[PDB]
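Engineer: 3D, please:
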Amino acid sequence: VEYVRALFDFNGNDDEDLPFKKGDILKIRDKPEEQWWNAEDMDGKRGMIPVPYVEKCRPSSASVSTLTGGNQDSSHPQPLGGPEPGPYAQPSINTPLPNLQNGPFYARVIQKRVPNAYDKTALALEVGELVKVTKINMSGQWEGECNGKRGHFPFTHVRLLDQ
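Structural biologist: Numbering: from 1, shown residues only. Sharing the structure here:
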C-alpha cells in the first residue's frame, strides 16, 4: 500500500532522485504520477523513484519471487553483419539507450516479433503497442517491461510518448 520495496536496484544520482540498492524500504510521501513516486530514504532523504523498480508491499498470491534467480546476462545478437552501431539516418538521437533512459515512461514499439519470456526473456509485443522499459544496465542491450512480460530489445524500434 504505502511503503514499497525496491528489489530492482536504482542507484540513481541527483537531488530529485532516491538511489537505493538492497531491498530498501522507502516510505511514500507524494505520488504526483503513477509511473513515478516521491519516496523517502530510511535516513530522511526525499527523492523520486521509478515505481516499476518496486513491488508495492502487498501480499496475495503464492511465490513472491518475481524473478529471484533470472538471467542478468543479456541475449546474444541475432543479426549477422553488424548492420550499424545505431539507428538509420536519424537527424535526432533516438539511439538505443542514451543513459538511464527518461523512463520508466511509455515507449511505442513499432518493430518487434513474437518471443517468449523463455526464448531469451524477450518480452512479447506488436508494432503499434507500447512497453514501459524499466531495467537499464548497459547502453545497448537492456531489459524492459510491458504487462509484466519483461525481456530485452533495442530502442531502435520505439517512439517514446509524451509521458
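Engineer: the residue nearest to residue 133 when sequence neighbours are not counted sits in which helix or strand?
Structural biologist: Residue nearest to residue 133 in three dimensions, not counting chain neighbours: residue 144, with 3.6 Å by Cβ to Cβ, 6 or more residues apart in numbering. In this view, the C-beta of every residue, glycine as well, is placed from N, C-alpha and C. Counting by DSSP states H and E, the element that carries residue 144 is strand 143-145.
Engineer: so what strands line up beside that strand?
Structural biologist: Using DSSP bridges, strand 143-145 pairs in its sheet with strand 150-152 (antiparallel).
Engineer: quick one: the strand it pairs with to chain centroid distance?
Structural biologist: Distance of strand 150-152 from the chain centroid (Cα atoms, centre = their mean, to the nearest Å) equals 9 Å.
Engineer: and the contacts of it?
Structural biologist: Strand 150-152 is contacted by residues 67, 74-75, 115, 117, 120-124, 135, 141-144 when judged by Cβ atoms under 8 Å, 6 or more residues apart in numbering.
Engineer: now, which of those residues sits nearest residue 86?
Structural biologist: Closest approach between the contacts of strand 150-152 and residue 86, by Cβ to Cβ: residue 141, at 13.6 Å.
Engineer: so that closest one makes contact with residue 73?
Structural biologist: No: at 10.0 Å, residue 141 does not count as touching residue 73 under the criterion of Cβ atoms under 8 Å.
Engineer: these two: which is more packed in?
Structural biologist: Counted by other Cβ atoms under 10 Å, residue 141 and residue 73 do not tie: residue 141 has more neighbours, with 15 against 7.
Engineer: the more buried one belongs to a strand, doesn't it?
Structural biologist: No: counting by DSSP: H, G, I helix; E, B strand; the rest coil, residue 141 is not found in a strand; it is coil.
Engineer: need the contact list for the spatially closest residue to it that is not a sequence neighbour.
Structural biologist: Setting aside the residues directly before and after it, residue 141 is nearest to residue 74 in space (Cβ to Cβ, 6+ apart), at 4.3 Å. Residue 74 is in contact with 137-138, 141-142, 152, counting by Cβ under 8 Å, 6+ apart.
Engineer: the longest strand that the chain contains packs against which elements?
Structural biologist: In the chain, ranked by residue count with DSSP state E as the criterion, the top strand is strand 24-30. Other helices and strands packing on strand 24-30, by 3 or more Cβ pairs under 8 Å, 6 or more residues apart in numbering; DSSP states H and E, are strand 4-6, strand 36-40.
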